Amino acid sequence: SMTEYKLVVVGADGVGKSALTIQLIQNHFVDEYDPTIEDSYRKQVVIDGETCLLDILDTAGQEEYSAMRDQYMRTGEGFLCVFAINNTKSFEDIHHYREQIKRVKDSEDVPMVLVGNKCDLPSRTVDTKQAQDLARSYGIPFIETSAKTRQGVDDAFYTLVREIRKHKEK
Amino acid sequence: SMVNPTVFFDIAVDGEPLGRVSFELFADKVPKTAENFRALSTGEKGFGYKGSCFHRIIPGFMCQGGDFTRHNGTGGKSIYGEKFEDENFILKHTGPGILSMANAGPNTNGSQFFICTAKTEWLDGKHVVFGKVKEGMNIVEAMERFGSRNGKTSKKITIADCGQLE
Ligand SMILES: Nc1nc2c(ncn2[C@@H]2O[C@H](COP(=O)(O)OP(=O)(O)NP(=O)(O)O)[C@@H](O)[C@H]2O)c(=O)[nH]1
Ligand SMILES: [Mg+2]
């Protein structure tokens, strides 16, 4: 079999959206910060025995340009909603991303995964339980990741594909 | 102008001269912000724009540069410290040639700046406009062609020399 999924990576600036994506696509960790405007990637993977093409849209962490960002959300089938475990503001921003996705998709059931990135760092400010509780209240998975060590990177993207597939089954 | 300084950038493409862009800096209306750009253009404080890159060029919108500290689009510093406050929003992003401060939110002006190649009115009230291209808009239009949709440039566009005129 083969299928294809449009994945969109969203979240506040500097949380590691690009570093997570670049680990998945290019298998290296970018230590320098290169702020995103917009980037797109394609990769063929096998998830649960089912081959698929991932189209990943790496978006900029910013709340300006609502109409452009709404178009990303209309076209996207699932969303990785990323915060950094050492940036409380980025965690507090998550509910705004979920609200925008639901409004644009006109649905309360949109494939989404909550990603707590930078778990390698010793400067945590957001507790795992806090993030788990938020994800539970949304009915979505929570994955802790480190783009630096690659921990959880495949899991985050593959889990999102699983969420899309479960949504398509309804 | 009898009041507003004129500064110039000699633009280079992979080291080769492209041409000169001069700017009127609106010290009459935006004095602190104009003075920062003037001083960074002369290098008189011991640091400034000479050698730095236009790291983000998006056709239809703007050419952005001015990171002379990190050299990667994340840096910059003013003559007043790392950051200074938004001085005023008297002037707007009315069209091509407008020179305005880049920032990372309220009161974070440093050295990064952008030159508009179109009206960018959604930036009004959030970025401080402080100057305009005087001569060499054709050179800015030539720079714009090295950009791309995400701002990455296909050749390295730099300020090979800069200073104050008149
Ligand atoms: N230690 C550590 N640093 C990380 C991790 N992920 C990203 N970083 C660092 O955090 C900075 C920002 O990462 P980046 O992926 O560019 O963030 P972004 O969310 O894409 N930013 P933007 O919204 O501006 O495009 C970079 O210096 C990067 O190396 C991680 O898991 N661990
Ligand atoms: Mg990014």
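Judging from the entry metadata, X-ray crystallography is the method by which this structure was determined, and 1.29 Å is the reported resolution.

**Q** Describe the sheet that holds strand 3 (residues 56–58) of chain B, naming the residues involved and giving the relevant values.
**A** Residues and elements named next belong to chain B. Taking strand neighbours across the sheet as the criterion, the 8 strands line up as 3-4-6-5-7-2-1-8 in an open arrangement whose pairing is antiparallel. With partners counted over all chains shown, the strands left at the sheet margins are strand 3 and strand 8 (157–164), one partner each. Strand-to-strand twist in this sheet, taken as the mean axis angle between neighbours without regard to direction, amounts to 25 degrees. Note: strand 1 (residues 6–13) against strand 2 (residues 16–25), 8 bridges, orientation antiparallel. Paired with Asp 10 across the strands is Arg 20, a residue of strand 2. Helix 2 (residues 137–144) contacts strand 1, strand 2, strand 3, strand 4 (62–65), strand 6 (113–116), strand 7 (129–133) and strand 8 of the sheet and is inclined by roughly 125 degrees relative to strand 2.

**Q** Before we move on, can you summarise the coordination of the magnesium ion (ligand 2) with the specific residues and values?
**A** Residues and elements named next belong to chain A. Distances from the magnesium ion (ligand 2) to its protein donors, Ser 18 (OG) and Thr 36 (OG1), fall within 2.0 Å. With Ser 18 in helix 1 (residues 17–26) and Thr 36 in the loop between helix 1 and strand 2 (38–47), this pair connects stretches of sequence that are 18 residues apart. What makes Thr 36 buried here is its relative accessible area of 16%.

**Q** Go over the interface of chain A and chain B with me, naming the residues and quoting the values.
**A** Between chain A and chain B, the residue contacts involve 9 residues of the former and 10 residues of the latter. A buried area of about 840 Å², summed over both sides, lies between chain A and chain B, and 44% of it is on carbon and sulfur atoms. Here chain A and chain B share 2 salt bridges between them. A salt bridge links A:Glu38 to B:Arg149, with the nearest nitrogen and oxygen atoms 2.5 Å apart. Where chain A meets chain B, there are 5 residue pairs in polar contact. Class assignment of the residues belonging to the side of chain A that touches chain B gives a composition of 4 nonpolar, no polar and 5 charged.

**Q** Go over the site of ligand 1 with me, naming the residues and quoting the values.
**A** Residue and element names in this part refer to chain A. Not every one of the 23 residues close to ligand 1 is listed here, only the nearest: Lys 17, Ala 19, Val 30, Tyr 33 and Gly 61. For ligand 1, a nitrogen atom lies 3.1 Å from a polar atom in the side chain of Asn 117. Side-chain polar atom of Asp 120 to a nitrogen atom of ligand 1: 2.8 Å apart, as the coordinates give it. For ligand 1, the accessible surface in isolation is 650 Å², of which the surrounding protein chains cover 90%.

So, how was this worked out
- Residues numbered from 1 in each chain as written, not as in the entry; some residues may be left out.
- Chains lettered and ligands numbered in written order.
- Heavy atoms only, no water.
- Pairing = 2+ DSSP bridges.
- Helix = DSSP H or I, 4+ residues; strand = E, 2+ residues; numbered from the N terminus.
- Axes fitted to C-alpha atoms, helices over the stretch in contact; angles between N-to-C directions.
- Contact = heavy atoms within 4.5 Å.
- Donors = N, O, S within 2.8 Å, 3.2 Å for Na, K, Ca; no water.
- Buried < 20%, exposed > 50% of the residue type's maximum accessible area, 1.4 Å probe, protein only.
- Buried area = accessible area lost by both parts, 1.4 Å probe.
- Salt bridge = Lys/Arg side-chain N within 4 Å of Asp/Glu carboxyl O.
- Polar contact = N/O pair within 3.5 Å; in protein donor to acceptor, adjacent residues only side chain to side chain.
- Nonpolar A, V, L, I, M, F, W, Y, C, P; charged D, E, K, R; others polar.
- Near = heavy atom within 4 Å.
- Areas by Shrake-Rupley, 256 points an atom, 1.4 Å probe, with all protein chains shown as cover.

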